[PDB]
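Source file: coords_18.txt; contents: compact mmCIF, C-alpha atoms and all ligand atoms.
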```txt
# COMPACT_ATOMS: atom_id res chain seq x y z
CA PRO R 1 0.00 0.00 0.00
CA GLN R 2 0.70 3.68 -0.17
CA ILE R 3 0.50 5.12 3.38
CA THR R 4 -0.08 8.84 3.81
CA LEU R 5 1.22 10.40 6.97
CA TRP R 6 -1.81 12.43 8.15
CA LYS R 7 -2.14 9.79 10.88
CA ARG R 8 0.42 7.47 12.57
CA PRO R 9 1.38 4.61 10.22
CA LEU R 10 0.14 1.77 12.37
CA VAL R 11 -0.07 -1.80 11.15
CA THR R 12 -0.80 -5.20 12.57
CA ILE R 13 2.17 -7.51 13.15
CA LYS R 14 2.40 -11.15 14.15
CA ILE R 15 5.34 -11.96 16.40
CA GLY R 16 5.88 -14.85 18.78
CA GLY R 17 2.38 -16.20 17.83
CA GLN R 18 0.77 -12.94 18.98
CA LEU R 19 -0.90 -10.10 17.04
CA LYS R 20 0.16 -6.58 18.01
CA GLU R 21 -0.16 -3.09 16.65
CA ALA R 22 3.11 -1.41 15.66
CA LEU R 23 4.32 1.86 14.19
CA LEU R 24 6.26 1.92 10.91
CA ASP R 25 9.19 4.10 12.04
CA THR R 26 11.74 5.23 9.47
CA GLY R 27 13.62 7.11 12.19
CA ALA R 28 14.41 3.92 14.09
CA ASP R 29 17.41 1.82 13.07
CA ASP R 30 16.00 -1.04 15.18
CA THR R 31 12.68 -2.76 15.88
CA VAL R 32 11.58 -2.46 19.52
CA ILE R 33 8.63 -4.34 20.96
CA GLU R 34 6.97 -4.04 24.40
CA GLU R 35 7.66 -6.74 26.95
CA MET R 36 6.82 -10.23 25.73
CA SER R 37 8.43 -13.65 25.72
CA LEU R 38 10.34 -14.88 22.61
CA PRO R 39 12.08 -18.25 22.11
CA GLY R 40 15.80 -18.77 22.02
CA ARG R 41 18.86 -16.90 23.08
CA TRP R 42 19.07 -13.20 23.96
CA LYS R 43 21.53 -10.68 25.22
CA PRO R 44 21.10 -7.45 27.12
CA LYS R 45 21.45 -4.12 25.39
CA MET R 46 20.97 -0.42 26.16
CA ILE R 47 19.23 1.78 23.60
CA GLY R 48 18.65 5.52 23.86
CA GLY R 49 16.74 8.30 22.27
CA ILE R 50 14.57 11.16 23.32
CA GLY R 51 14.16 10.93 27.08
CA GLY R 52 17.25 8.72 27.65
CA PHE R 53 18.06 5.03 27.67
CA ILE R 54 16.19 1.80 28.35
CA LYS R 55 17.46 -1.71 28.86
CA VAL R 56 16.19 -4.24 26.30
CA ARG R 57 16.71 -7.93 25.41
CA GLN R 58 18.15 -8.51 21.93
CA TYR R 59 16.69 -11.55 20.18
CA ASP R 60 18.24 -12.47 16.83
CA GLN R 61 16.68 -14.37 13.89
CA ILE R 62 13.05 -13.67 14.87
CA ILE R 63 10.35 -14.19 12.24
CA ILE R 64 7.72 -11.55 12.00
CA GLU R 65 4.77 -10.79 9.77
CA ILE R 66 4.25 -7.04 9.09
CA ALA R 67 0.98 -6.09 7.46
CA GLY R 68 0.98 -9.57 5.84
CA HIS R 69 4.69 -9.50 4.70
CA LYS R 70 7.09 -12.01 6.30
CA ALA R 71 10.55 -11.10 7.39
CA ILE R 72 13.28 -12.11 9.74
CA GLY R 73 15.64 -10.12 11.87
CA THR R 74 16.67 -8.83 15.28
CA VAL R 75 13.97 -7.71 17.70
CA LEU R 76 14.70 -5.70 20.79
CA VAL R 77 12.19 -6.29 23.67
CA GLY R 78 11.73 -3.90 26.55
CA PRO R 79 9.81 -0.93 28.02
CA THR R 80 9.22 1.02 24.87
CA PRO R 81 6.08 3.24 24.96
CA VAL R 82 5.04 2.03 21.50
CA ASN R 83 5.89 -1.03 19.35
CA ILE R 84 8.18 0.27 16.58
CA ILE R 85 9.16 -1.45 13.31
CA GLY R 86 12.51 -0.04 12.46
CA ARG R 87 14.62 0.00 9.33
CA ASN R 88 16.14 -3.43 9.96
CA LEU R 89 12.70 -4.93 9.14
CA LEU R 90 11.23 -2.17 6.95
CA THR R 91 13.92 -2.93 4.32
CA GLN R 92 12.83 -6.58 4.23
CA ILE R 93 9.24 -5.68 3.30
CA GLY R 94 10.41 -3.31 0.60
CA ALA R 95 9.29 -0.08 2.31
CA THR R 96 10.37 3.20 0.83
CA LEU R 97 9.71 6.91 1.41
CA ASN R 98 8.45 8.74 -1.65
CA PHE R 99 7.99 12.43 -2.33
CA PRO V 1 12.71 10.87 -4.82
CA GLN V 2 12.27 7.32 -3.72
CA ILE V 3 14.31 6.71 -0.54
CA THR V 4 15.12 3.13 0.50
CA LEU V 5 15.84 2.39 4.17
CA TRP V 6 19.10 0.50 4.10
CA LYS V 7 20.72 3.70 5.46
CA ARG V 8 19.19 6.31 7.74
CA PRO V 9 16.91 8.62 5.69
CA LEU V 10 19.01 11.73 6.27
CA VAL V 11 18.40 14.89 4.29
CA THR V 12 19.57 18.46 4.35
CA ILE V 13 17.17 21.04 5.74
CA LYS V 14 17.44 24.78 5.82
CA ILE V 15 16.02 26.78 8.75
CA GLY V 16 17.04 30.36 9.71
CA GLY V 17 19.42 30.42 6.71
CA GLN V 18 21.39 27.51 8.22
CA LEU V 19 21.83 24.02 6.73
CA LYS V 20 21.35 21.08 9.04
CA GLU V 21 21.05 17.30 8.60
CA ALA V 22 17.75 15.74 9.70
CA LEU V 23 16.02 12.38 9.69
CA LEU V 24 12.78 11.80 7.71
CA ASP V 25 10.85 10.11 10.50
CA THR V 26 7.44 8.48 10.00
CA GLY V 27 7.44 7.48 13.70
CA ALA V 28 7.54 11.14 14.87
CA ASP V 29 4.26 12.98 15.08
CA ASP V 30 6.07 16.32 15.13
CA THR V 31 9.34 17.87 13.94
CA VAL V 32 12.01 18.23 16.67
CA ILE V 33 15.28 20.02 16.20
CA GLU V 34 18.36 20.71 18.30
CA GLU V 35 18.74 23.99 20.17
CA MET V 36 18.78 26.97 17.88
CA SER V 37 17.40 30.51 17.62
CA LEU V 38 13.92 30.85 16.06
CA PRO V 39 11.76 33.98 15.72
CA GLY V 40 8.46 34.62 17.44
CA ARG V 41 6.68 33.27 20.48
CA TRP V 42 6.85 29.73 21.74
CA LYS V 43 4.52 27.46 23.75
CA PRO V 44 5.35 24.52 26.05
CA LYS V 45 5.06 20.91 24.92
CA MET V 46 5.89 17.57 26.43
CA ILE V 47 6.93 14.80 23.96
CA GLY V 48 7.58 11.15 24.70
CA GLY V 49 10.38 9.20 23.34
CA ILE V 50 11.88 5.88 23.78
CA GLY V 51 13.38 6.69 27.23
CA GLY V 52 10.58 8.98 28.57
CA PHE V 53 9.21 12.50 28.24
CA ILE V 54 11.13 15.79 27.64
CA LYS V 55 10.02 19.38 27.52
CA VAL V 56 10.48 21.25 24.24
CA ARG V 57 9.66 24.70 22.91
CA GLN V 58 6.91 24.81 20.24
CA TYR V 59 7.36 27.43 17.58
CA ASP V 60 4.50 27.76 15.06
CA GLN V 61 4.58 28.98 11.45
CA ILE V 62 8.33 28.48 10.91
CA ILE V 63 9.79 28.54 7.37
CA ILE V 64 11.85 25.37 6.73
CA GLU V 65 13.12 23.79 3.54
CA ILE V 66 13.39 19.98 3.55
CA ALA V 67 15.42 18.27 0.77
CA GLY V 68 14.62 21.31 -1.41
CA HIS V 69 10.83 21.32 -0.56
CA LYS V 70 9.45 24.50 1.11
CA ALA V 71 7.32 24.01 4.22
CA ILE V 72 5.86 26.40 6.78
CA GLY V 73 4.80 24.87 10.05
CA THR V 74 5.47 23.85 13.60
CA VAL V 75 8.97 23.18 14.83
CA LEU V 76 9.74 21.85 18.30
CA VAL V 77 13.13 22.82 19.75
CA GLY V 78 14.84 20.91 22.54
CA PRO V 79 17.37 18.31 23.71
CA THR V 80 16.96 15.82 20.92
CA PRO V 81 20.00 13.66 19.95
CA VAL V 82 19.16 14.09 16.21
CA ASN V 83 17.12 16.53 14.12
CA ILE V 84 13.82 14.89 13.21
CA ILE V 85 11.38 15.76 10.44
CA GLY V 86 8.07 14.41 11.63
CA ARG V 87 4.69 13.77 10.07
CA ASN V 88 3.52 17.37 10.38
CA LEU V 89 6.10 18.44 7.77
CA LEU V 90 6.35 15.11 5.88
CA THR V 91 2.67 15.60 4.92
CA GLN V 92 3.43 19.14 3.75
CA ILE V 93 6.14 17.91 1.37
CA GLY V 94 3.83 15.12 0.09
CA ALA V 95 5.84 12.19 1.53
CA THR V 96 4.29 8.72 1.66
CA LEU V 97 5.49 5.34 2.85
CA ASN V 98 5.13 2.63 0.25
CA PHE V 99 5.47 -1.16 0.21
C1 LIG K 1 5.51 14.29 19.25
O1 LIG K 1 6.61 14.28 18.35
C2 LIG K 1 7.65 13.42 18.64
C3 LIG K 1 7.62 12.54 19.71
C4 LIG K 1 8.67 11.61 19.82
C5 LIG K 1 9.70 11.56 18.94
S1 LIG K 1 10.85 10.32 19.04
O2 LIG K 1 10.91 9.89 20.41
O3 LIG K 1 12.03 10.79 18.37
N1 LIG K 1 10.34 8.95 18.22
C6 LIG K 1 9.03 8.41 18.63
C7 LIG K 1 8.97 6.86 18.59
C8 LIG K 1 9.98 6.28 19.60
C9 LIG K 1 7.57 6.51 19.03
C10 LIG K 1 10.66 8.92 16.77
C11 LIG K 1 11.57 7.70 16.51
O4 LIG K 1 11.77 7.54 15.08
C12 LIG K 1 13.05 7.90 17.06
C13 LIG K 1 13.88 8.98 16.41
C14 LIG K 1 15.18 9.15 17.11
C15 LIG K 1 15.17 9.81 18.35
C16 LIG K 1 16.35 10.00 19.07
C17 LIG K 1 17.57 9.51 18.57
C18 LIG K 1 17.56 8.87 17.34
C19 LIG K 1 16.37 8.73 16.60
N2 LIG K 1 13.81 6.70 17.06
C20 LIG K 1 14.07 6.02 18.10
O5 LIG K 1 13.71 6.18 19.27
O6 LIG K 1 14.80 4.83 17.95
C21 LIG K 1 15.13 4.10 19.09
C22 LIG K 1 15.44 2.65 18.59
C23 LIG K 1 16.89 2.73 18.19
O7 LIG K 1 16.91 3.05 16.76
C24 LIG K 1 17.65 4.17 16.58
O8 LIG K 1 17.75 4.58 15.44
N3 LIG K 1 18.16 4.58 17.72
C25 LIG K 1 19.18 5.57 17.81
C26 LIG K 1 19.38 6.17 19.03
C27 LIG K 1 20.37 7.16 19.17
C28 LIG K 1 21.11 7.54 18.07
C29 LIG K 1 20.92 6.94 16.85
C30 LIG K 1 19.91 5.96 16.71
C31 LIG K 1 17.58 3.87 18.87
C32 LIG K 1 16.44 4.63 19.59
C33 LIG K 1 9.71 12.51 17.88
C34 LIG K 1 8.67 13.40 17.77
CL CL K 2 -2.78 9.27 14.52
CL CL K 3 18.26 -7.42 11.69
CL CL K 4 15.53 -2.37 -2.11
CL CL K 5 2.63 22.04 11.23
NA NA K 6 17.47 -16.21 18.17
NA NA K 7 5.56 31.58 15.47
```
Could I get this structure in the form of structure tokens?
Ligand SMILES: COc1ccc(S(=O)(=O)N(CC(C)C)C[C@@H](O)[C@H](Cc2ccccc2)NC(=O)O[C@H]2C[C@H]3OC(=O)N(c4ccccc4)[C@H]3C2)cc1
Ligand SMILES: [Cl-]
Ligand SMILES: [Cl-]
Ligand SMILES: [Cl-]
Ligand SMILES: [Cl-]
Ligand code: NA
Ligand code: NA
Amino acid sequence: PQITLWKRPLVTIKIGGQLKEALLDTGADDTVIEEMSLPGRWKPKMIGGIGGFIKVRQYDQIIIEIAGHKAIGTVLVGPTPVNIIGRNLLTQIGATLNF
Amino acid sequence: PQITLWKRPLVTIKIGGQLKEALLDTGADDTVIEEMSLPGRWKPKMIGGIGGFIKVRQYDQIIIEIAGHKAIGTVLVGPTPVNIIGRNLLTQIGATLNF
């Protein structure tokens, strides 16, 4: 689809067998999801932006479905205020900015 | 242009006769830029980022050129790590997200 930006670009994702709402976020290098369980190995990481840093768990090789498009990549899990799909997964669904 | 997301979507902006680098950010409701001098009155605003909330200064009706596209709108000024062009000005320049 072509998404205009009058409203937040929210989509439905499937991750870890669960459906969630997430924001397509071109300004995020990384995908960050609210607290949830994922299978497999993780490591701790600190990420920062406006307001400072949070501690997250880094899960690698996680399959996700984003508005019906499958991808795989790293997912950071922790106390983010909103689920964000960052560039690491937006590339995999072929997302571009057009003007 | 069509901008892929393999790299950060950085562009040059011009505000108060000064060139700056900024991110085209579909996850930002509003435009937020690093401390600088702007004309006119400002109003208080609280914005929430990945690590919590910060206070910024809201300046309305500011002239800003974004990747060569003229916009006139709201600019938030405060302690952001990176200059961010948010949806308020992405809509003005006719940007869409496409996949
Ligand atoms: C109301 O208007 C606004 C309210 C909030 C914002 S926001 O907090 O910037 N944010 C609102 C979303 C959080 C929901 C827009 C969002 O795209 C920001 C934009 C941004 C902010 C600060 C530093 C870098 C990039 N991305 C962002 O938080 O990504 C986090 C996930 C990582 O991906 C990065 O690219 N990060 C990074 C951090 C530091 C330096 C370089 C990269 C890490 C942080 C902007 C506008
Ligand atoms: Cl909205
Ligand atoms: Cl990845
Ligand atoms: Cl591509
Ligand atoms: Cl505006
Ligand atoms: Na893994
Ligand atoms: Na003004």
Selected residue of minimal separation from chain R among V:84, V:13, V:77, V:64, counting all atoms listed in the file: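 Answer, going by the shortest atom-to-atom distance: V:84.
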As a quick test: using only C-alpha atoms and all ligand atoms, which residues lie no more than 6 Å away from ligand CL 3 (chain K)? Give them as a list in words.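 Residues satisfying the distance criterion: residues 73, 74 and 88 of chain R.
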Please produce a file of the residues just selected, as a CSV table (one decimal), in the frame of the given file, where the atoms kept are C-alpha atoms.
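After the write, result_24.csv holds the following:
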```
chain,number,residue,atom,x,y,z
R,73,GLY,CA,15.6,-10.1,11.9
R,74,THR,CA,16.7,-8.8,15.3
R,88,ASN,CA,16.1,-3.4,10.0
```
Could you tell me, counting all atoms listed in the file, which protein and nucleic acid residues lie no more than 12 Å from ligand CL 4 (chain K), written as a PDB file with C-alpha atoms, in the frame of the given file?
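Now in result34.pdb:
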```
ATOM      1  CA  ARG R  87      14.620   0.000   9.330  1.00  0.00           C
ATOM      2  CA  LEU R  89      12.700  -4.930   9.140  1.00  0.00           C
ATOM      3  CA  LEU R  90      11.230  -2.170   6.950  1.00  0.00           C
ATOM      4  CA  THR R  91      13.920  -2.930   4.320  1.00  0.00           C
ATOM      5  CA  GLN R  92      12.830  -6.580   4.230  1.00  0.00           C
ATOM      6  CA  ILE R  93       9.240  -5.680   3.300  1.00  0.00           C
ATOM      7  CA  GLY R  94      10.410  -3.310   0.600  1.00  0.00           C
ATOM      8  CA  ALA R  95       9.290  -0.080   2.310  1.00  0.00           C
ATOM      9  CA  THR R  96      10.370   3.200   0.830  1.00  0.00           C
ATOM     10  CA  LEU R  97       9.710   6.910   1.410  1.00  0.00           C
TER      11      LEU R  97
ATOM     12  CA  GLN V   2      12.270   7.320  -3.720  1.00  0.00           C
ATOM     13  CA  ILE V   3      14.310   6.710  -0.540  1.00  0.00           C
ATOM     14  CA  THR V   4      15.120   3.130   0.500  1.00  0.00           C
ATOM     15  CA  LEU V   5      15.840   2.390   4.170  1.00  0.00           C
ATOM     16  CA  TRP V   6      19.100   0.500   4.100  1.00  0.00           C
ATOM     17  CA  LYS V   7      20.720   3.700   5.460  1.00  0.00           C
ATOM     18  CA  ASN V  98       5.130   2.630   0.250  1.00  0.00           C
ATOM     19  CA  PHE V  99       5.470  -1.160   0.210  1.00  0.00           C
TER      20      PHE V  99
END
```
Least-squares superposed chain V, target chain R, every Cα, as a compact mmCIF listing (two decimals) with C-alpha atoms, in the frame of the given file:
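Produced file part_7.txt, reproduced below:
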```txt
# COMPACT_ATOMS: atom_id res chain seq x y z
CA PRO V 1 0.56 0.00 -0.16
CA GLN V 2 1.21 3.69 -0.16
CA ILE V 3 0.81 5.05 3.40
CA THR V 4 0.32 8.80 3.91
CA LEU V 5 1.30 10.34 7.26
CA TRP V 6 -1.75 12.29 8.30
CA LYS V 7 -2.35 9.52 10.89
CA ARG V 8 0.23 7.42 12.70
CA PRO V 9 1.47 4.64 10.37
CA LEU V 10 0.09 1.81 12.48
CA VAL V 11 -0.05 -1.73 11.16
CA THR V 12 -0.82 -5.16 12.50
CA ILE V 13 2.12 -7.46 13.13
CA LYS V 14 2.18 -11.08 14.11
CA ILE V 15 4.91 -12.44 16.41
CA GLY V 16 4.69 -15.69 18.45
CA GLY V 17 1.22 -16.31 16.97
CA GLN V 18 -0.04 -13.08 18.57
CA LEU V 19 -1.35 -9.98 16.76
CA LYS V 20 -0.08 -6.63 17.91
CA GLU V 21 -0.27 -3.05 16.60
CA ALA V 22 3.05 -1.40 15.71
CA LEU V 23 4.35 1.81 14.20
CA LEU V 24 6.28 1.83 10.88
CA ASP V 25 9.15 4.01 12.04
CA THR V 26 11.83 5.37 9.70
CA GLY V 27 13.45 7.15 12.69
CA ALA V 28 14.15 3.84 14.51
CA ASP V 29 17.28 1.97 13.57
CA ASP V 30 15.93 -1.21 15.14
CA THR V 31 12.59 -2.86 15.95
CA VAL V 32 11.49 -2.52 19.60
CA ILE V 33 8.50 -4.25 21.08
CA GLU V 34 6.77 -4.36 24.45
CA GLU V 35 7.51 -7.14 26.93
CA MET V 36 6.64 -10.54 25.59
CA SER V 37 7.99 -14.10 25.48
CA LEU V 38 10.39 -14.90 22.60
CA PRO V 39 12.37 -18.10 21.97
CA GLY V 40 16.12 -18.47 22.07
CA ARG V 41 19.00 -16.56 23.59
CA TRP V 42 19.18 -12.82 24.02
CA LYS V 43 22.00 -10.25 24.21
CA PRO V 44 22.11 -6.86 25.96
CA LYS V 45 21.61 -3.59 24.09
CA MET V 46 21.33 0.02 25.07
CA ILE V 47 19.09 2.23 22.84
CA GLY V 48 18.60 5.97 23.01
CA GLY V 49 15.36 7.68 22.72
CA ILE V 50 14.00 11.07 23.09
CA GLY V 51 14.30 11.08 26.93
CA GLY V 52 17.55 9.04 27.28
CA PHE V 53 18.86 5.48 27.10
CA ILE V 54 17.11 2.21 28.15
CA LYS V 55 18.28 -1.35 28.29
CA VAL V 56 16.51 -3.88 26.07
CA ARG V 57 16.87 -7.56 25.26
CA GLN V 58 18.10 -8.35 21.72
CA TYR V 59 16.67 -11.47 20.18
CA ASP V 60 18.08 -12.44 16.76
CA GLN V 61 16.45 -14.41 13.94
CA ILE V 62 12.84 -13.91 15.09
CA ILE V 63 9.93 -14.68 12.72
CA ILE V 64 7.59 -11.66 12.45
CA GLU V 65 4.90 -10.76 9.95
CA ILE V 66 4.41 -7.04 9.28
CA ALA V 67 1.22 -5.90 7.46
CA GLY V 68 1.14 -9.37 5.85
CA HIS V 69 4.90 -9.33 4.84
CA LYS V 70 7.10 -12.12 6.31
CA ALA V 71 10.37 -11.04 7.92
CA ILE V 72 13.00 -12.87 9.95
CA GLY V 73 15.33 -10.70 11.97
CA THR V 74 16.28 -8.91 15.13
CA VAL V 75 13.69 -7.86 17.66
CA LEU V 76 14.50 -5.78 20.73
CA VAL V 77 12.22 -6.29 23.74
CA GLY V 78 11.84 -3.76 26.53
CA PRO V 79 9.95 -0.87 28.16
CA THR V 80 8.87 0.93 25.04
CA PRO V 81 5.58 2.94 25.15
CA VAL V 82 4.65 1.67 21.63
CA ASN V 83 5.68 -1.24 19.40
CA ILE V 84 8.08 0.05 16.75
CA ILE V 85 9.04 -1.49 13.42
CA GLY V 86 12.43 -0.04 12.64
CA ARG V 87 14.67 0.13 9.61
CA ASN V 88 16.10 -3.36 10.09
CA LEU V 89 12.69 -4.88 9.25
CA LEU V 90 11.38 -2.03 7.04
CA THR V 91 14.24 -2.85 4.62
CA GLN V 92 13.28 -6.53 4.70
CA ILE V 93 9.70 -5.75 3.64
CA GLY V 94 10.98 -3.39 0.88
CA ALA V 95 9.65 -0.15 2.44
CA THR V 96 10.84 3.21 1.11
CA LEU V 97 10.09 6.80 1.98
CA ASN V 98 9.03 8.87 -1.00
CA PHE V 99 8.45 12.57 -1.67
```
Which residues are near ligand NA 6 (chain K) in this structure, taking near to mean any atom at most 12 Å from a ligand atom and counting all atoms listed in the file? Format them as a PDB file with C-alpha atoms, in the frame of the given file.
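Printed below is result_24.pdb as written:
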```pdb
ATOM      1  CA  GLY R  16       5.880 -14.850  18.780  1.00  0.00           C
ATOM      2  CA  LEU R  38      10.340 -14.880  22.610  1.00  0.00           C
ATOM      3  CA  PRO R  39      12.080 -18.250  22.110  1.00  0.00           C
ATOM      4  CA  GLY R  40      15.800 -18.770  22.020  1.00  0.00           C
ATOM      5  CA  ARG R  41      18.860 -16.900  23.080  1.00  0.00           C
ATOM      6  CA  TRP R  42      19.070 -13.200  23.960  1.00  0.00           C
ATOM      7  CA  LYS R  43      21.530 -10.680  25.220  1.00  0.00           C
ATOM      8  CA  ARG R  57      16.710  -7.930  25.410  1.00  0.00           C
ATOM      9  CA  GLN R  58      18.150  -8.510  21.930  1.00  0.00           C
ATOM     10  CA  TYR R  59      16.690 -11.550  20.180  1.00  0.00           C
ATOM     11  CA  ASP R  60      18.240 -12.470  16.830  1.00  0.00           C
ATOM     12  CA  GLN R  61      16.680 -14.370  13.890  1.00  0.00           C
ATOM     13  CA  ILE R  62      13.050 -13.670  14.870  1.00  0.00           C
ATOM     14  CA  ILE R  63      10.350 -14.190  12.240  1.00  0.00           C
ATOM     15  CA  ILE R  72      13.280 -12.110   9.740  1.00  0.00           C
ATOM     16  CA  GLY R  73      15.640 -10.120  11.870  1.00  0.00           C
ATOM     17  CA  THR R  74      16.670  -8.830  15.280  1.00  0.00           C
ATOM     18  CA  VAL R  75      13.970  -7.710  17.700  1.00  0.00           C
ATOM     19  CA  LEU R  76      14.700  -5.700  20.790  1.00  0.00           C
TER      20      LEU R  76
END
```
Which of these, V:83, V:26, V:31, V:37, has the shortest distance to chain R once you count only C-alpha atoms? V:26
So which residues are near ligand LIG 1 (chain K), meaning at most 8 Å away with only C-alpha atoms and all ligand atoms counted, given back as a PyMOL selection string? (chain R and resi 23+25-32+47-51+80-84+86) or (chain V and resi 23+25-32+46-51+80-82+84+86)
Edge lengths and centre in Å to one decimal, as lines of an AutoDock Vina configuration file, of the axis-aligned box that encloses all listed atoms of region 95-99 of chain R with 4 Å added on every side?
```
center_x = 9.2
center_y = 6.2
center_z = 0.0
size_x = 10.4
size_y = 20.5
size_z = 12.6
```
Which one of R:71, R:36, R:66, R:54 sits closest to chain V if you count only C-alpha atoms? R:54
Could you check the closest approach to chain V for each of R:35, R:45, R:79, R:65 and tell me which residue wins, using all atoms listed in the file?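 Result for the nearest residue to chain V: R:79.
Minimum distance to chain V across R:24, R:18, R:78, R:11 (counting only C-alpha atoms) occurs at R:24.
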With distances taken over only C-alpha atoms, which of V:70, V:20, V:8, V:14 is nearest to chain R?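 Smallest separation from chain R among the options: V:8.
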Report the distance between CA of residue 22 (chain V) and CA of residue 10 (chain V) in Å, rounded to one decimal place. 5.4 Å
Between atom CL of ligand CL 2 (chain K) and CA of residue 53 (chain V), measure the distance and give it in Å to one decimal. 18.5 Å
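Reported to one decimal place, the separation of CA of residue 17 (chain V) from CA of residue 67 (chain V) is 14.1 Å.
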